[PDB]
DNA sequence: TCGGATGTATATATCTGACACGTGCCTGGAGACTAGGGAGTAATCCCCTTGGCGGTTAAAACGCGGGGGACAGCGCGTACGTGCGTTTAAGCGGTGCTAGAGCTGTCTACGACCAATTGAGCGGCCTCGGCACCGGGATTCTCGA
DNA sequence: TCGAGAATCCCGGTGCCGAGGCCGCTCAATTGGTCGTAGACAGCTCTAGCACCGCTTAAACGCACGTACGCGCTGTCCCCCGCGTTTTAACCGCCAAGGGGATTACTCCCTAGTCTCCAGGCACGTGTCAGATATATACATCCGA
Ligand SMILES: *[C@@H]1O[C@H](CO)[C@@H](O)[C@H](O)[C@H]1NC(C)=O
Ligand SMILES: *[C@@H]1O[C@H](CO)[C@@H](O)[C@H](O)[C@H]1NC(C)=O
């Protein structure tokens, strides 16, 4: 037969198209799953992951640390209005809290 | 053959067993649905409906009215702690609000 | 000249409106506002009358809950009158800001 | 000797604790409390260490959020000291005791 | 100006109510950072030999362009997601926001020592000094011509010298509509009340329009080759005829204006000529803004950079300065790296056009006759659509065609675009690369290792340190280009920051933004959002096959090319009134 | 028109079982139908997710009972569970 | 041991594409895996609801696009939508 | 300027139902703003739902769908 | 076993300082302990029920994560 | 404290249209099978949980001193609730028009499904460097003159 | 402004355990056809939403006012903070028993699927009776006196 070519290579994405399609089909979401839905879902997931990873890397570089730790992840997520709105009710383990103090409490 | 009896009659339930089973099967909830799950669901739904409707009827009788209007249903739902917890984020149309005033705002 | 002292017929209105279940927002202005807001997203939009009614009911419920929470904040602040800061604080605590 | 005025080292502690990501509740007392609480639901229950850690993180996050809201209420009430009525009001507004 | 106006002025006057001078033409550039001149009043670095920049000697722009950007042209790597249309639209957009004037050689024949021929270092001449071992010119006495930028406020050496902006700061499609009232008056015909723009009366392309001819004392178009006798085209910018691709883009815009005016006259015959022209200008400006902010910016900054620097539009804000930043002029010229050594021409089958389908860029600059007498703009547009752009690589910064043999036919010797850009940056006296990194908030490298870490290439860091010595001595253009690319973008983080900030300032400060309430009817924006570049090329150009949405990305045939009929036409039924 | 199935006669039957005299208006009919649909959807979704957690592809009475215990708060849940058990028993004997 | 499936390799590939030198930790890997699983679950649930919701038995690109537009707030959604479209377009090409 | 259609007596009546005795003069502007924000969110969700179904009429069924999505599910208007 | 005192007063003080509290009263600790007990009771009940269904005698971290997700406080970092 | 003023729950007619009922019809729920695989149940492996030991020392508990702010008077400007006179579109009720929501009938191309193939990713096993810890010096904010 | 002082911040060596990379291989993704049907598309219809149009009239608007209240100022003291000291057990590092999570094989019983048919549930059409709507009455309740 023809040489194997992963669906991620065809779509140009890095996330697994086949795994997403299998999860959608076997996730009890719909009786049938279209051939274009998993590619779109993988693209959206990859874009969101790239956004969060880039913000976390920026925060880590600002903190003079090479490796990304959950504190950097929380600093990146909570400092972005859109991402904060998305993860409104999500607690990140060992994430800490944004450094802030009320104006009146200051001397 | 034999006389056809609805599955709700065997379980002694006033709610439809067959309709609940069909909804569970075709709602893409699970690949396979057991036989006892629709009957259990029908019993739970019947008990919940009976409780809320009994409270609504009590409220309507307290209001000197025969028919049950949405105001009576809202009063029955909110005046019961467990049902209030169950429907905490549920808004009933034309339900109003329980009559209450803070103690400080009372004239004195 | 029988003039009620400030704060009596206000409580009468509170009791009357809590005892009733009508709609406190006039239907036509709310429908016009809904149409104006919706037309910013898709022109030539048609709204069912039930759609305006449901939107009005949801809006009234949300506003009543917000006003109740604002009154609670104002009473906590050792005050009777509600202020915009109370509304802002209630919205911030609720998780909408 | 050197005696810092009241309200000074409190701000330093606030700045230090908002910069770190450690766990503020001691591990063993929290684990024992979790075991005691679960004792009322099923006898002879074994807890994974990861489960206890996740419970501790969730409890810490919830308590921190509650304290933030209570501080907001207190600063609204023209006060800088948090009082239990502020905690009760914050819980009522958030929708837990309502 | 009157408070009740709904069309932009030609000069952009009183665009901002608080300050009428904001964004107006013939005004000084705004400076984000304080000037970094040589003596602190008015002098470029390298003017006086022996003076060091922050303790390190300054490097010649030609010297740093010889060994940093130059790479063999046989190892070109085409960009698989960038079309030549992308670079062309970038250049066209740059031709709208800024144009730094220079003193004329004829007017400076007495004291300006005709810098185009001689290179004695007297004002306003700033010649590029030459290093040894130069591949092109082995003689050290030679000199690349360069003209000092015109000052803003002439006078004593009391204030830091600025630069004058000769174009409207706002994005109002000024590249083909002009920027001054005398320029706009003769740019539109008054023979009737149709409201159309000027159309050439000598040569036509298959019954379609072209830019009107222009007459100048020393026309560079005539110097291409004397057998042509085709003059330079006239448009909203003097350099509209610099390249045939740019003038074909201007031809497309002019044809779009003419077609829109004709369609509006057909829809509303009662409207007068001036009203029709103003309406067409407004719609074309909204078109240009929509295309730039929907199809071009997402393909430049990247999803992260655009989302961080270009948030959703809330409302018009009059507190933001809409003037062109002095660093934007030298930062948006990154498109020189995306250029290609050859210009391509294709047929309706998208196949090479005889006799010269792949022409070197050396024999194409200031060639107005190619558009007029070699098939028109159809093959040029086809080549721009179906030719991949050159990928921006650290060791492949820019091709040698624009680096060694640019403007060869016009001037006595060929110029060097990268060294020209760096010399312009030094003339404007903008701070170093490190200072701009500090301004954008990014980390500021100080040693060789830190520079290699931030640029992700130790070899290029060593190459840069061999010339500049310190990161603070790096010019803005080289530092911006040499930075690693973003995700799904084409510029470095510093260039992304600068471009995003400037475009956010231009959008927020624009009182005539297409999304701003009042400027456009609340129902017309839905019809305007359906416009797209390939559809309008289909409408105003004889070709029948174009690219899909986001034309700057599709660069293959016939994998992602569709017919004209599929694209939805622009609906103007809401302009009936 | 077309058949639009909804819990209409079942709520009335429950009312007749509980209150032999009082009726119920159309708006309260719609409210009861919406409440029944919402509770059914919540319990079914909880059961589906809970069965998905244990890698079991079949929803049985145990999953529904656990979902009811998780979702309904307080004494209600216990009563509901008891009722459900009885129903299942009436199937097993008959 | 069994083969448990996680998104570690894909998230690491994305990080390497974005930051060629920055590394990641095990806790951050677990956090990203949980986040991607949660977002995928939310989008798939919204799409399943929408598919069942207009009486359709299939999930297409339109359902996923509408779910992304509904869930993701603000500019993010638009960008995501564009990205999604682009991906589908490539499958159309090849 | 249509948001003024929410008259000051209407907001006063809503607050009276909520249980408010005294209302400041600056409350009305904030109430109008909050109402506009909430209506914008709900209407955007409903409009997206309607656009998905290739329909030009936004029904009440889609409105209660959007309210349920937002976490403010409403009864008495369908499901 | 009166083990609710395991959360000491300095622990609640540290939590408040993390939250951004400058002055803490003396009657807050009882309320904080009560709130923590209520929240732990709810989450533990949900997790214990989840474990009860699966016929297991060990409450894994996955059950606690699922209970938190159901409660509306989804927790990342454990699966 | 008691007579007058306003508001309203209450008892009494009087229409009224909403609903509970009766009925014809439709479609899907149920009876009666067949068939295959989900998982119930033994049976086994070894992972990680619990209980225990003992030493260090970080942390909690307790008490003393003091200061600042929570709270209660006290008063002053003000603004907004209350009522009256004027103005206004909301609501109602009809009327007409046509946009499109919904339904039905055809047809196709798109996804579920099955079989053979093979390689992408996961578990195990490494090897090394980023950082937590350790120490010492420079910087800075606080506080008493 | 101007010194002491204590905490915080900035650099130099240490090495260690977790992260990145490599190696088998196996189970899941791919390719290549097949076929049934869910959705796209064309056409029709007839709800039902949209656009004036006139008449009331409850409601909104605008204004006079004065009184309760928001807010500012001030005095007390006592509760909480800072800190020094002593006591408590948290924590760290092995160490062992084993309950139970986790995995695997047989099979058998239950649920998917199909054919049929008949009865429950729905939409129709309706007549009446809770209920909304006037109307006078007697309390319910508030404001100087
Ligand atoms: C000179 O220009 C004319 C323009 O018509 C062109 O035809 C001719 O080929 C050119 N000659 C050369 C030598 O380039
Ligand atoms: C305009 O932008 C400035 C910052 O440039 C900001 O401070 C200001 O609030 C903005 N104005 C509005 C009306 O948003």
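Chains as they are written, first to last, in the authors' numbering: chain G, 11 to 117; chain C, 11 to 118; chain E, 38 to 134; chain A, 38 to 135; chain L, 167 to 743; chain D, 28 to 121; chain H, 28 to 121; chain F, 24 to 102; chain B, 23 to 101.
Quick reminder that beta carbons are idealized off the backbone N, C-alpha and C, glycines included.
Any C-beta of chain F under 8 Å from that of residue i
i, result
"residue 64 of chain D", "yes"
"residue 95 of chain E", "yes"
"residue 93 of chain H", "yes"
Interface flag, residue i vs chain D, CB-CB below 8 Å
i, result
"residue 99 of chain F", "yes"
Residue i CB to nearest heavy atom of ligand 2 below 7 Å
i, result
"residue 483 of chain L", "yes"
"residue 794 of chain L", "Here chain L covers residues 167 to 743 and nothing more, so residue 794 of chain L does not appear."
"residue 486 of chain L", "yes"
Any non-hydrogen atom of ligand 4 within 7 Å of residue i CB
i, result
"residue 534 of chain L", "Absence of ligand 4 is noted for the structure shown, with ligand 1 and ligand 2 being the only ligands found."
Any non-hydrogen atom of ligand 1 within 7 Å of residue i CB
i, result
"residue 394 of chain L", "yes"
"residue 366 of chain L", "no"
"residue 376 of chain L", "no"
"residue 539 of chain L", "yes"
"residue 522 of chain L", "no"
"residue 391 of chain L", "yes"
CB contact check: residue i to chain C, cutoff 8 Å
i, result
"residue 64 of chain E", "no"
"residue 98 of chain E", "yes"
"residue 40 of chain G", "yes"
Proximity test, Cβ basis, 8 Å: residue i and chain H
i, result
"residue 691 of chain L", "no"
"residue 385 of chain L", "no"
"residue 95 of chain G", "yes"
Residue-level contact to chain L via CB, residue i, 8 Å cutoff
i, result
"residue 100 of chain H", "no"
"residue 60 of chain G", "yes"
DSSP bridge partner residues for residue i (one or two, in chain order)
i, result
"residue 371 of chain L", "L/374"
"residue 101 of chain C", "F/97"
Chain B within 8 Å of residue i, Cβ atoms only
i, result
"residue 97 of chain D", "yes"
"residue 115 of chain A", "no"
Within the segment 299-356 of chain L, ranges of the alpha helix (DSSP H) (whole runs, at least 4 residues): Within the segment 299-356 of chain L, the complete alpha helix (DSSP H) segments at least 4 residues long are 347-353, listed from N- to C-terminus.
Validate contact between the segment 513-523 of chain L and the segment 371-382 of chain L using beta carbons, cut 8 Å, 3 pairs: No, the segment 513-523 of chain L does not touch the segment 371-382 of chain L.
Inter-stretch contact at 8 Å, needing at least 3 Cβ pairs: the segment 70-88 of chain A / the segment 36-54 of chain B: Touching, no, given that fewer than three Cβ pairs across the two stretches are closer than 8 Å.
The segment 101-108 of chain C contacting the segment 65-82 of chain D, beta-carbon criterion three pairs below 8 Å: Two segments are said to touch when three or more pairs of C-beta atoms, one from each, lie closer than 8 Å; by this definition the segment 101-108 of chain C does not touch the segment 65-82 of chain D.
At least 3 beta-carbon pairs within less than 8 Å: the segment 406-416 of chain L vs the segment 284-301 of chain L: No, the segment 406-416 of chain L does not touch the segment 284-301 of chain L.
Cβ contact check for the segment 217-235 of chain L and the segment 328-348 of chain L: 3 or more pairs under 8 Å: No: the two stretches stay apart, fewer than three of their Cβ pairs being nearer than 8 Å.
Segments assigned alpha helix (DSSP H), at least 4 residues, entirely inside the segment 406-434 of chain L: Entirely contained in the segment 406-434 of chain L, the alpha helix (DSSP H) runs reaching 4 residues are, in chain order, 410-433.
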